[PDB]
$ cat start-v4.csv   # CSV, C-alpha atoms and all ligand atoms
chain,number,residue,atom,x,y,z
A,1,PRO,CA,2.5,10.0,-24.9
A,2,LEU,CA,4.9,9.5,-22.0
A,3,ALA,CA,4.4,12.2,-19.4
A,4,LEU,CA,5.6,12.6,-15.8
A,5,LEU,CA,2.4,11.1,-14.3
A,6,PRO,CA,1.2,13.1,-11.1
A,7,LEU,CA,1.8,10.9,-8.1
A,8,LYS,CA,1.5,12.4,-4.6
A,9,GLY,CA,5.0,12.4,-3.2
A,10,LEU,CA,7.2,12.9,-6.2
A,11,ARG,CA,7.9,16.6,-5.6
A,12,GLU,CA,9.0,16.0,-2.0
A,13,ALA,CA,11.0,12.9,-3.0
A,14,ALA,CA,12.8,14.7,-5.8
A,15,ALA,CA,13.6,17.5,-3.3
A,16,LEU,CA,15.0,15.0,-0.8
A,17,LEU,CA,17.1,13.3,-3.5
A,18,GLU,CA,18.7,16.5,-4.8
A,19,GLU,CA,19.4,17.4,-1.3
A,20,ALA,CA,21.2,14.1,-0.8
A,21,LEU,CA,23.1,14.6,-4.1
A,22,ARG,CA,24.5,18.0,-3.0
A,23,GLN,CA,25.4,17.0,0.5
A,24,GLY,CA,27.1,13.8,-0.8
A,25,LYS,CA,24.8,11.6,1.3
A,26,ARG,CA,25.0,7.8,1.2
A,27,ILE,CA,21.8,6.5,-0.5
A,28,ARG,CA,20.8,2.9,0.1
A,29,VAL,CA,18.3,1.6,-2.5
A,30,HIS,CA,16.3,-1.3,-1.0
A,31,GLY,CA,14.4,-3.1,-3.7
A,32,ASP,CA,12.6,-6.4,-4.1
A,33,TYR,CA,14.1,-9.5,-5.6
A,34,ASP,CA,11.5,-10.1,-8.3
A,35,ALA,CA,11.9,-8.6,-11.8
A,36,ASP,CA,9.8,-5.4,-11.1
A,37,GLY,CA,11.9,-4.8,-7.9
A,38,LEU,CA,15.3,-5.6,-9.4
A,39,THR,CA,14.6,-3.6,-12.6
A,40,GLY,CA,13.3,-0.7,-10.5
A,41,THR,CA,16.3,-0.8,-8.3
A,42,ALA,CA,18.5,-0.7,-11.4
A,43,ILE,CA,16.8,2.5,-12.6
A,44,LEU,CA,17.3,4.4,-9.4
A,45,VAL,CA,20.8,3.1,-8.8
A,46,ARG,CA,22.1,4.0,-12.2
A,47,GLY,CA,20.1,7.2,-12.6
A,48,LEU,CA,21.2,8.6,-9.2
A,49,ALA,CA,24.8,7.5,-9.7
A,50,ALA,CA,24.7,9.0,-13.1
A,51,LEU,CA,24.0,12.3,-11.4
A,52,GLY,CA,27.1,11.6,-9.3
A,53,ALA,CA,25.2,10.3,-6.3
A,54,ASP,CA,26.7,7.9,-3.7
A,55,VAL,CA,24.4,4.9,-4.3
A,56,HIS,CA,24.6,1.3,-3.5
A,57,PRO,CA,21.8,-1.3,-3.9
A,58,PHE,CA,20.5,-3.7,-1.3
A,59,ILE,CA,18.4,-6.8,-2.2
A,60,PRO,CA,17.0,-9.3,0.4
A,61,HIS,CA,17.7,-13.0,0.2
A,62,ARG,CA,14.3,-14.5,-0.8
A,63,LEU,CA,15.2,-17.9,0.6
A,64,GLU,CA,16.8,-16.9,4.0
A,65,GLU,CA,15.0,-13.6,4.7
A,66,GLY,CA,11.6,-12.9,3.3
A,67,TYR,CA,10.2,-10.0,1.3
A,68,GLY,CA,10.5,-6.4,2.2
A,69,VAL,CA,12.6,-4.7,4.9
A,70,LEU,CA,14.0,-7.1,7.5
A,71,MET,CA,14.2,-5.8,11.0
A,72,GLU,CA,17.2,-8.0,11.8
A,73,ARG,CA,19.2,-6.1,9.2
A,74,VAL,CA,18.0,-2.6,10.2
A,75,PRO,CA,21.1,-2.0,12.4
A,76,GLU,CA,23.1,-2.8,9.2
A,77,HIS,CA,20.9,-0.4,7.2
A,78,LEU,CA,21.8,2.4,9.7
A,79,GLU,CA,25.5,2.1,9.6
A,80,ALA,CA,25.3,2.1,5.8
A,81,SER,CA,23.1,5.1,4.9
A,82,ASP,CA,21.8,8.6,5.4
A,83,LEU,CA,18.8,8.2,3.0
A,84,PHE,CA,17.1,4.8,2.9
A,85,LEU,CA,15.2,4.5,-0.4
A,86,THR,CA,12.6,1.7,-0.8
A,87,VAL,CA,11.8,0.4,-4.4
A,88,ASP,CA,9.1,-2.3,-4.6
A,89,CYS,CA,8.4,-2.7,-0.9
A,90,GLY,CA,8.0,-0.8,2.3
A,91,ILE,CA,4.3,0.3,2.8
A,92,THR,CA,3.8,-2.3,5.5
A,93,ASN,CA,7.3,-2.2,7.2
A,94,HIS,CA,6.2,0.2,9.9
A,95,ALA,CA,9.0,-0.9,12.1
A,96,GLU,CA,11.4,1.1,9.9
A,97,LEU,CA,10.2,3.9,12.2
A,98,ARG,CA,13.5,2.9,13.8
A,99,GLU,CA,15.1,4.2,10.6
A,100,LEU,CA,13.8,7.7,11.4
A,101,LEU,CA,14.4,7.3,15.1
A,102,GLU,CA,17.5,5.1,15.8
A,103,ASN,CA,19.4,7.7,13.9
A,104,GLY,CA,18.3,10.4,11.4
A,105,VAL,CA,18.0,8.3,8.3
A,106,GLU,CA,15.6,9.9,5.9
A,107,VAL,CA,13.1,7.3,4.5
A,108,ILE,CA,11.5,7.4,1.1
A,109,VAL,CA,9.1,4.6,0.5
A,110,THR,CA,8.3,3.7,-3.2
A,111,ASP,CA,5.8,0.9,-3.8
A,112,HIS,CA,2.6,-0.1,-5.4
A,113,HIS,CA,1.4,-3.1,-3.4
A,114,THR,CA,-1.9,-3.0,-1.3
A,115,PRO,CA,-1.4,-0.4,1.5
A,116,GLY,CA,-2.3,-1.3,5.1
A,117,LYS,CA,-4.4,0.7,7.6
A,118,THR,CA,-2.0,3.6,8.0
A,119,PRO,CA,0.8,4.5,5.7
A,120,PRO,CA,4.3,3.6,6.9
A,121,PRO,CA,6.6,6.4,8.4
A,122,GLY,CA,8.7,8.4,6.0
A,123,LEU,CA,7.9,10.3,2.7
A,124,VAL,CA,5.6,8.0,0.8
A,125,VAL,CA,5.3,7.7,-3.0
A,126,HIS,CA,2.5,5.2,-3.7
A,127,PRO,CA,0.1,5.4,-6.7
A,128,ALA,CA,-2.9,4.2,-4.6
A,129,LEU,CA,-2.4,7.2,-2.2
A,130,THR,CA,-2.7,9.7,-5.0
A,131,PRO,CA,-6.3,11.1,-4.7
A,132,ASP,CA,-8.0,10.8,-8.1
A,133,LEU,CA,-5.6,8.5,-10.0
A,134,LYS,CA,-6.2,5.2,-11.6
A,135,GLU,CA,-3.1,4.7,-13.8
A,136,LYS,CA,-1.7,1.7,-11.8
A,137,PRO,CA,2.1,2.0,-12.3
A,138,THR,CA,4.4,-0.8,-11.0
A,139,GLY,CA,7.4,-0.6,-8.7
A,140,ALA,CA,9.7,0.0,-11.6
A,141,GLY,CA,7.1,2.4,-12.9
A,142,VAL,CA,7.2,4.5,-9.8
A,143,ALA,CA,11.0,4.5,-9.7
A,144,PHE,CA,11.1,5.7,-13.3
A,145,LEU,CA,8.7,8.5,-12.4
A,146,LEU,CA,10.8,9.3,-9.4
A,147,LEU,CA,13.9,9.5,-11.6
A,148,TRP,CA,11.9,11.6,-14.0
A,149,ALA,CA,10.9,14.1,-11.3
A,150,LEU,CA,14.5,14.4,-10.0
A,151,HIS,CA,15.3,15.2,-13.6
A,152,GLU,CA,12.6,17.9,-13.8
A,153,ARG,CA,14.3,20.0,-11.1
A,154,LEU,CA,18.0,20.0,-11.9
A,155,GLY,CA,16.6,20.6,-15.4
A,156,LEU,CA,17.5,17.6,-17.5
A,157,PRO,CA,15.7,15.8,-20.3
A,158,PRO,CA,13.1,13.1,-19.4
A,159,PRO,CA,14.9,9.8,-18.6
A,160,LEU,CA,13.6,8.0,-21.6
A,161,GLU,CA,16.8,6.1,-21.8
A,162,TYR,CA,15.4,4.1,-18.8
A,163,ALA,CA,12.0,3.2,-20.2
A,164,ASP,CA,13.1,-0.3,-21.2
A,165,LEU,CA,14.0,-1.4,-17.7
A,166,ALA,CA,10.7,0.2,-16.5
A,167,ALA,CA,8.9,-1.7,-19.2
A,168,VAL,CA,10.4,-5.0,-18.2
A,169,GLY,CA,9.3,-4.5,-14.6
A,170,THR,CA,5.8,-3.5,-15.7
A,171,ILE,CA,5.2,-6.5,-17.9
A,172,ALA,CA,6.9,-8.6,-15.3
A,173,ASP,CA,4.2,-7.6,-12.8
A,174,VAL,CA,1.5,-8.0,-15.4
A,175,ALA,CA,0.1,-4.5,-14.8
A,176,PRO,CA,-3.2,-3.7,-16.6
A,177,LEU,CA,-1.1,-2.3,-19.5
A,178,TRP,CA,-4.0,-0.1,-20.5
A,179,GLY,CA,-3.1,3.3,-18.9
A,180,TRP,CA,0.1,5.2,-18.9
A,181,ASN,CA,1.6,1.7,-18.6
A,182,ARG,CA,0.9,1.3,-22.3
A,183,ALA,CA,3.0,4.4,-23.2
A,184,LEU,CA,5.8,3.3,-20.9
A,185,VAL,CA,5.8,-0.3,-22.3
A,186,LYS,CA,5.5,0.7,-25.9
A,187,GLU,CA,8.3,3.2,-25.5
A,188,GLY,CA,10.4,0.7,-23.5
A,189,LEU,CA,10.1,-2.2,-25.8
A,190,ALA,CA,11.3,-0.1,-28.6
A,191,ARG,CA,14.5,1.0,-26.8
A,192,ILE,CA,15.5,-2.6,-25.8
A,193,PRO,CA,17.2,-3.5,-29.1
A,194,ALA,CA,20.5,-1.8,-28.4
A,195,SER,CA,19.4,-0.1,-25.2
A,196,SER,CA,21.9,1.6,-22.9
A,197,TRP,CA,22.3,-1.5,-20.7
A,198,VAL,CA,24.3,-4.3,-22.3
A,199,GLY,CA,22.9,-6.8,-19.7
A,200,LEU,CA,19.4,-6.1,-21.0
A,201,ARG,CA,20.4,-5.9,-24.7
A,202,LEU,CA,22.5,-9.1,-24.6
A,203,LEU,CA,19.7,-10.9,-22.7
A,204,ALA,CA,17.0,-9.7,-25.1
A,205,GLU,CA,19.2,-11.0,-27.9
A,206,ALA,CA,19.8,-14.3,-26.2
A,207,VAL,CA,16.1,-15.0,-26.1
A,208,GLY,CA,15.6,-13.7,-29.6
A,209,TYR,CA,13.7,-10.6,-28.7
A,210,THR,CA,11.9,-9.2,-31.7
A,211,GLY,CA,10.0,-6.4,-30.0
A,212,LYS,CA,7.0,-8.3,-28.8
A,213,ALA,CA,5.8,-7.8,-25.2
A,214,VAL,CA,5.0,-11.4,-24.8
A,215,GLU,CA,8.7,-12.0,-25.3
A,216,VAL,CA,9.5,-9.9,-22.3
A,217,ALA,CA,6.8,-11.6,-20.2
A,218,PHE,CA,7.6,-15.2,-21.3
A,219,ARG,CA,11.4,-15.3,-22.0
A,220,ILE,CA,13.0,-12.3,-20.4
A,221,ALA,CA,11.1,-11.8,-17.1
A,222,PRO,CA,11.3,-15.5,-16.2
A,223,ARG,CA,15.0,-15.5,-16.6
A,224,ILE,CA,15.3,-12.6,-14.2
A,225,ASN,CA,12.9,-14.0,-11.6
A,226,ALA,CA,14.6,-17.4,-11.8
A,227,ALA,CA,17.7,-16.1,-10.0
A,228,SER,CA,16.0,-15.1,-6.7
A,229,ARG,CA,14.2,-18.3,-6.6
A,230,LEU,CA,17.5,-20.1,-6.5
A,231,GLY,CA,19.3,-17.7,-4.1
A,232,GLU,CA,21.1,-15.8,-6.9
A,233,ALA,CA,19.3,-12.4,-7.2
A,234,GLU,CA,22.5,-10.5,-7.2
A,235,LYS,CA,23.6,-12.2,-10.4
A,236,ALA,CA,20.4,-10.9,-12.0
A,237,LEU,CA,20.8,-7.3,-10.6
A,238,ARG,CA,24.5,-7.2,-11.6
A,239,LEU,CA,23.5,-8.2,-15.2
A,240,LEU,CA,21.2,-5.1,-15.1
A,241,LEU,CA,23.9,-2.8,-13.8
A,242,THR,CA,27.3,-4.0,-15.2
A,243,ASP,CA,27.5,-2.3,-18.6
A,244,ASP,CA,30.6,-4.5,-19.4
A,245,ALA,CA,29.8,-6.6,-22.5
A,246,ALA,CA,32.2,-9.3,-21.1
A,247,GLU,CA,30.8,-9.8,-17.6
A,248,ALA,CA,27.4,-9.3,-19.2
A,249,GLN,CA,27.3,-12.3,-21.5
A,250,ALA,CA,28.8,-14.4,-18.7
A,251,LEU,CA,25.8,-13.4,-16.6
A,252,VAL,CA,23.3,-13.9,-19.4
A,253,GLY,CA,24.6,-17.5,-19.5
A,254,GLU,CA,24.4,-17.8,-15.7
A,255,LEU,CA,20.7,-16.8,-16.0
A,256,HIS,CA,20.2,-19.4,-18.7
A,257,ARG,CA,21.2,-22.0,-16.2
A,258,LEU,CA,19.2,-20.7,-13.3
A,259,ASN,CA,16.1,-20.4,-15.5
A,260,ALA,CA,16.5,-23.9,-16.8
A,261,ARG,CA,17.2,-25.3,-13.4
A,262,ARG,CA,14.1,-23.6,-11.9
A,263,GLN,CA,11.9,-25.0,-14.7
A,264,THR,CA,13.3,-28.5,-14.2
A,265,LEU,CA,12.6,-28.3,-10.5
A,266,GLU,CA,9.0,-27.1,-10.9
A,267,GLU,CA,8.2,-29.8,-13.5
A,268,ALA,CA,9.9,-32.4,-11.3
A,269,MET,CA,8.0,-31.3,-8.2
A,270,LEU,CA,4.7,-31.0,-10.1
A,271,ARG,CA,4.7,-34.4,-11.6
A,272,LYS,CA,5.5,-35.9,-8.2
A,273,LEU,CA,2.9,-34.0,-6.2
A,274,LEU,CA,0.0,-33.4,-8.6
A,275,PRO,CA,-1.0,-37.1,-8.7
A,276,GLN,CA,-1.2,-37.0,-4.9
A,277,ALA,CA,-3.6,-34.1,-5.0
A,278,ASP,CA,-7.2,-35.5,-5.2
A,279,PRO,CA,-10.0,-32.9,-5.2
A,280,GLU,CA,-12.0,-35.1,-2.9
A,281,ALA,CA,-10.0,-33.7,0.0
A,282,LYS,CA,-11.2,-30.5,1.7
A,283,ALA,CA,-7.6,-29.4,1.6
A,284,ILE,CA,-4.5,-30.7,-0.2
A,285,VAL,CA,-1.7,-31.3,2.3
A,286,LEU,CA,1.5,-32.8,0.7
A,287,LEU,CA,5.1,-33.3,1.8
A,288,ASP,CA,8.0,-33.3,-0.5
A,289,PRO,CA,10.9,-34.0,2.0
A,290,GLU,CA,13.4,-33.1,-0.7
A,291,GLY,CA,11.8,-30.3,-2.7
A,292,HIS,CA,13.3,-26.9,-3.4
A,293,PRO,CA,11.3,-24.3,-1.3
A,294,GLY,CA,12.2,-21.6,-3.9
A,295,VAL,CA,9.8,-23.4,-6.3
A,296,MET,CA,7.0,-24.7,-4.1
A,297,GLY,CA,4.9,-21.6,-4.3
A,298,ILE,CA,4.5,-22.0,-8.1
A,299,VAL,CA,3.7,-25.6,-7.7
A,300,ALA,CA,1.1,-24.8,-5.0
A,301,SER,CA,-0.7,-22.4,-7.2
A,302,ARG,CA,-0.8,-24.8,-10.1
A,303,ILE,CA,-2.1,-27.6,-7.8
A,304,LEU,CA,-4.7,-25.2,-6.6
A,305,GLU,CA,-5.8,-24.1,-10.1
A,306,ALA,CA,-6.2,-27.8,-10.7
A,307,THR,CA,-8.1,-29.0,-7.6
A,308,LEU,CA,-9.9,-25.8,-6.6
A,309,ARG,CA,-8.9,-26.6,-3.0
A,310,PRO,CA,-6.6,-25.1,-0.4
A,311,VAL,CA,-3.0,-26.4,-0.9
A,312,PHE,CA,-0.5,-26.8,1.8
A,313,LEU,CA,3.0,-27.9,0.6
A,314,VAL,CA,5.9,-28.7,2.9
A,315,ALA,CA,9.5,-29.4,1.7
A,316,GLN,CA,12.6,-29.3,3.9
A,317,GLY,CA,11.3,-27.5,6.9
A,318,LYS,CA,9.4,-24.9,5.0
A,319,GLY,CA,5.8,-24.6,3.9
A,320,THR,CA,3.6,-22.5,1.6
A,321,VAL,CA,-0.1,-22.3,1.2
A,322,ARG,CA,-2.5,-21.2,-1.5
A,323,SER,CA,-6.3,-21.3,-0.8
A,324,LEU,CA,-9.4,-19.5,-1.9
A,325,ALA,CA,-13.2,-19.0,-1.5
A,326,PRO,CA,-14.1,-19.5,2.2
A,327,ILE,CA,-10.8,-21.0,3.7
A,328,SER,CA,-8.1,-18.5,4.7
A,329,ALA,CA,-4.5,-19.5,4.4
A,330,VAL,CA,-3.3,-17.9,7.6
A,331,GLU,CA,-6.4,-18.8,9.7
A,332,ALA,CA,-5.9,-22.4,8.6
A,333,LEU,CA,-2.4,-22.0,9.9
A,334,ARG,CA,-3.9,-20.4,13.0
A,335,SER,CA,-5.1,-23.8,14.1
A,336,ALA,CA,-2.3,-26.3,14.1
A,337,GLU,CA,-0.3,-23.2,15.1
A,338,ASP,CA,1.0,-25.3,18.1
A,339,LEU,CA,2.4,-27.7,15.4
A,340,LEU,CA,4.3,-24.9,13.8
A,341,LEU,CA,7.6,-23.0,14.5
A,342,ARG,CA,6.5,-19.8,12.6
A,343,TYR,CA,3.7,-18.8,10.2
A,344,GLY,CA,2.3,-15.7,8.6
A,345,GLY,CA,0.4,-14.5,5.5
A,346,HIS,CA,-3.1,-13.7,4.3
A,347,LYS,CA,-6.4,-15.1,3.0
A,348,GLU,CA,-5.1,-16.4,-0.3
A,349,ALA,CA,-1.4,-17.1,0.4
A,350,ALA,CA,0.6,-17.8,3.5
A,351,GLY,CA,3.9,-19.3,4.6
A,352,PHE,CA,5.4,-21.2,7.6
A,353,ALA,CA,7.9,-23.5,9.1
A,354,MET,CA,7.7,-26.7,11.2
A,355,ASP,CA,9.4,-30.0,12.2
A,356,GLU,CA,8.4,-32.5,9.5
A,357,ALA,CA,7.9,-35.1,12.3
A,358,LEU,CA,4.6,-33.4,13.1
A,359,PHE,CA,3.4,-33.4,9.4
A,360,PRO,CA,0.8,-36.1,9.9
A,361,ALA,CA,-0.7,-34.3,12.8
A,362,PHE,CA,-0.5,-31.0,10.9
A,363,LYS,CA,-2.3,-32.6,7.9
A,364,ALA,CA,-5.2,-33.9,10.0
A,365,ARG,CA,-5.5,-30.5,11.7
A,366,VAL,CA,-5.7,-28.5,8.5
A,367,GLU,CA,-8.0,-31.0,6.9
A,368,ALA,CA,-10.4,-30.8,9.8
A,369,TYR,CA,-10.2,-27.0,9.6
A,370,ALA,CA,-11.4,-26.9,5.9
A,371,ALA,CA,-13.9,-29.6,6.8
A,372,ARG,CA,-15.9,-26.7,8.3
A,373,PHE,CA,-16.8,-24.2,5.6
A,374,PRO,CA,-18.6,-24.7,2.2
A,375,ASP,CA,-17.0,-25.9,-1.0
A,376,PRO,CA,-15.0,-23.2,-2.9
A,377,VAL,CA,-16.9,-24.1,-6.1
A,378,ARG,CA,-19.8,-22.1,-4.8
A,379,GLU,CA,-18.0,-18.8,-5.3
A,380,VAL,CA,-15.3,-18.6,-7.9
A,381,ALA,CA,-16.2,-17.5,-11.4
A,382,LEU,CA,-13.8,-20.2,-12.5
A,383,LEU,CA,-12.2,-17.4,-14.6
A,384,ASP,CA,-10.2,-17.8,-11.4
A,385,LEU,CA,-8.1,-19.9,-13.9
B,1,MN,MN,5.9,-4.9,-7.9

$ encode --input "start-v4.csv" --output "structure tokens"
Amino acid sequence: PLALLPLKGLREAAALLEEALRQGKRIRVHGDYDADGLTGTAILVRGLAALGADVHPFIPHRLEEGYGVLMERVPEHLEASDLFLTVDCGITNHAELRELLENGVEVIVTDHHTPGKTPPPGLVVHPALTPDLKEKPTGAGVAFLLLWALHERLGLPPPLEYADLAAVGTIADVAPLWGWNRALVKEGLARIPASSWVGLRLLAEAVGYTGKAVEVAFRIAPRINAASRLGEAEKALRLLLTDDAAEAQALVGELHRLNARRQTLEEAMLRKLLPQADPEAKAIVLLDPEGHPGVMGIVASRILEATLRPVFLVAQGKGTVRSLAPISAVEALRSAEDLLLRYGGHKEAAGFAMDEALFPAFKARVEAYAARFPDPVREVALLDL
């Protein structure tokens, strides 16, 4: 049964929010552009506003600026808020220490992604930093809990009215769905048909939602994620806020387009690139001069799943990477570094930019790099698929 799951930080957070409410502070909710993040952002933005707060959302542009809090827009975050609230990001954006410094903007970091060495500055609400807890809530999950807590003090009923959104974000992030997640999802799914948010009702209707969870995961979530991938996140967020049946359906249709267009672009890129793969290579290094970068990542993962080799795709001047077993995406990019303009990431995934003119040289460098190291087949349980 749904219960306000512990979580080390909620009390302090709720405190800070109520404080903001009374003082009429400007609250900027900085979420992610994926379904979990957008959905979570919606919860806090409506919830707070519902309690007469001064809230406005802020979503990054997946294609121009990356994920998380962007340092370049920090100055802009300052002039716009008194309380900076993070939704599905933050824990590794330590340079928002400038938030607390530069001016006195209180920072509340909500997240669920793998934490770094040290937590980031500010009041943190992360499930992995809660002592003896193994519930695994998602970004939208944490926001829901956060809205719940704020409801506790102030003395208002639990925010069940918001479980649907929270449910969409959870399934979207394919959480275990075995812990408290189950109660949230089950409760959420049930409230979708005729929920309190037209955008979500109409959408659920459009995709013929019956009540199944697979329907949220395979028809609803894709539609919401499709927007950011084509530089149209806002459209998705607005759908989730709006509550104007008119504007709603218009948006539902705009998401239909976006989703279809994303799918067509993946299929198109895939059938152009897959044949060029070839598992005989220590690393797959392909170049689709005219490929939409907002879709390469997906294609890279599928090419990997198919070849069990590191994949390096470059389209326009951008590049993504997906590798496994020995080879590390970033470290591969370490060499050839000179050939790049920028680059960053981790072991399994990484990104970068470069002048396509150096592609041949880059391909040979990365190939040679993976030439060292064993063959990934001597590691994966193949359930890797
Ligand atoms: Mn998430």

$ atom_distance --input "start-v4.csv" --atom1 "CA of residue 239 in chain A" --atom2 "CA of residue 219 in chain A"
15.6 Å

$ residues_near_ligand --input "start-v4.csv" --ligand "ligand MN 1 (chain B)" --cutoff "8 Å" --atoms "only C-alpha atoms and all ligand atoms" --output "JSON, numbers by chain"
{"A": [32, 34, 36, 37, 88, 89, 111, 112, 113, 138, 139, 140, 169, 170, 173]}

$ write_last_selection --input "start-v4.csv" --atoms "C-alpha atoms" --output "PDB file, in the coordinates of the input"
ATOM      1  CA  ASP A  32      12.600  -6.400  -4.100  1.00  0.00           C
ATOM      2  CA  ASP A  34      11.500 -10.100  -8.300  1.00  0.00           C
ATOM      3  CA  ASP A  36       9.800  -5.400 -11.100  1.00  0.00           C
ATOM      4  CA  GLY A  37      11.900  -4.800  -7.900  1.00  0.00           C
ATOM      5  CA  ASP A  88       9.100  -2.300  -4.600  1.00  0.00           C
ATOM      6  CA  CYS A  89       8.400  -2.700  -0.900  1.00  0.00           C
ATOM      7  CA  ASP A 111       5.800   0.900  -3.800  1.00  0.00           C
ATOM      8  CA  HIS A 112       2.600  -0.100  -5.400  1.00  0.00           C
ATOM      9  CA  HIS A 113       1.400  -3.100  -3.400  1.00  0.00           C
ATOM     10  CA  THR A 138       4.400  -0.800 -11.000  1.00  0.00           C
ATOM     11  CA  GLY A 139       7.400  -0.600  -8.700  1.00  0.00           C
ATOM     12  CA  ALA A 140       9.700   0.000 -11.600  1.00  0.00           C
ATOM     13  CA  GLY A 169       9.300  -4.500 -14.600  1.00  0.00           C
ATOM     14  CA  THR A 170       5.800  -3.500 -15.700  1.00  0.00           C
ATOM     15  CA  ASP A 173       4.200  -7.600 -12.800  1.00  0.00           C
TER      16      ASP A 173
END

$ closest_residue --input "start-v4.csv" --among "A:4, A:265, A:377, A:42" --to "residue 305 in chain A" --atoms "only C-alpha atoms"
A:377

$ closest_residue --input "start-v4.csv" --among "A:230, A:283, A:74, A:382" --to "residue 103 in chain A" --atoms "all atoms listed in the file"
A:74

$ residues_around --input "start-v4.csv" --residues "residue 216 in chain A" --least-positions-apart "6" --cutoff "9 Å" --atoms "only C-alpha atoms" --output "ChimeraX atom specification"
/A:167-168,171-172,189,204,209,222

$ closest_residue --input "start-v4.csv" --among "A:29, A:281, A:306, A:361" --to "residue 375 in chain A" --atoms "only C-alpha atoms"
A:281

$ residues_around --input "start-v4.csv" --residues "residue 15 in chain A" --least-positions-apart "4" --cutoff "9 Å" --atoms "only C-alpha atoms" --output "count of residues only"
6

$ residues_around --input "start-v4.csv" --residues "residue 132 in chain A" --least-positions-apart "6" --cutoff "12 Å" --atoms "only C-alpha atoms" --output "ChimeraX atom specification"
/A:6-8

$ residues_around --input "start-v4.csv" --residues "residue 67 in chain A" --least-positions-apart "4" --cutoff "12 Å" --atoms "only C-alpha atoms" --output "ChimeraX atom specification"
/A:30-34,37,59-63,71,87-93,228,345,351
